[PDB]
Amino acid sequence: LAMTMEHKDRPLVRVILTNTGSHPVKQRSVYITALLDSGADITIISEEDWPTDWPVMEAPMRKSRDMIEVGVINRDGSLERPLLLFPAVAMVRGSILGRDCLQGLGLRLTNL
C-alpha cells in the first residue's frame, strides 16, 4: 500500500469485511470503502456499512461482538495481508481505518 496525501481527495480504500463468529448471519463477507485515518486511534465501521445482522455489544460507539477479518484492497486489486479486529460501530460520515489497522499494515507517514 502506498497512497499520496491529497487535499481534495480522501485517502479511500476498498476493504473486505468477513464476520468470523459462530452466530449465523446473512452475509459472511461484505465490501466497503474506508478512509486511511492517521488521526483515529481505532477502526470504526459506519452504521451505514455495517451488516444489520452482525451483532454488536455496548462498547457514542458500539463494538463488534464478533472478530472481523479485514482485507485491505490496493487500487490495482492486490491484497494486503489480513488483520483480525473487533471494530467499533458508529454514526460517522464513512468507515475509518484507524491506527490499530495502520500499524497492522506497517504503514508510515513520510516525505522521504
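For every residue, the number given is its place in the sequence shown, counted from 1.
Chemist: Per the entry, how many residues of the deposited chain go unmodelled between residue 59 and residue 60: none, 1 to 3, 4 to 9, or 10 or more?
Modeler: Count of unmodelled residues in between: 10 or more.
Chemist: If you average the Cα B factors in the entry, which is higher, 12 to 20 or 99 to 107?
Modeler: Mean B over CA atoms: larger for 12 to 20.
Chemist: Between 83 to 91 and 49 to 57, which has the larger average Cα B-factor in the PDB entry?
Modeler: Mean CA B-factor is higher for 49 to 57.
Chemist: Out of 27, 33, 43, 38, which one has a C-alpha B factor higher than all the others in the entry?
Modeler: Largest recorded C-alpha B-factor: 27.
Chemist: Please say which third, lowest, middle or highest, residue 67 falls into when its CA temperature factor is compared across its chain.
Modeler: Answer is highest: the recorded C-alpha B-factor places it there.
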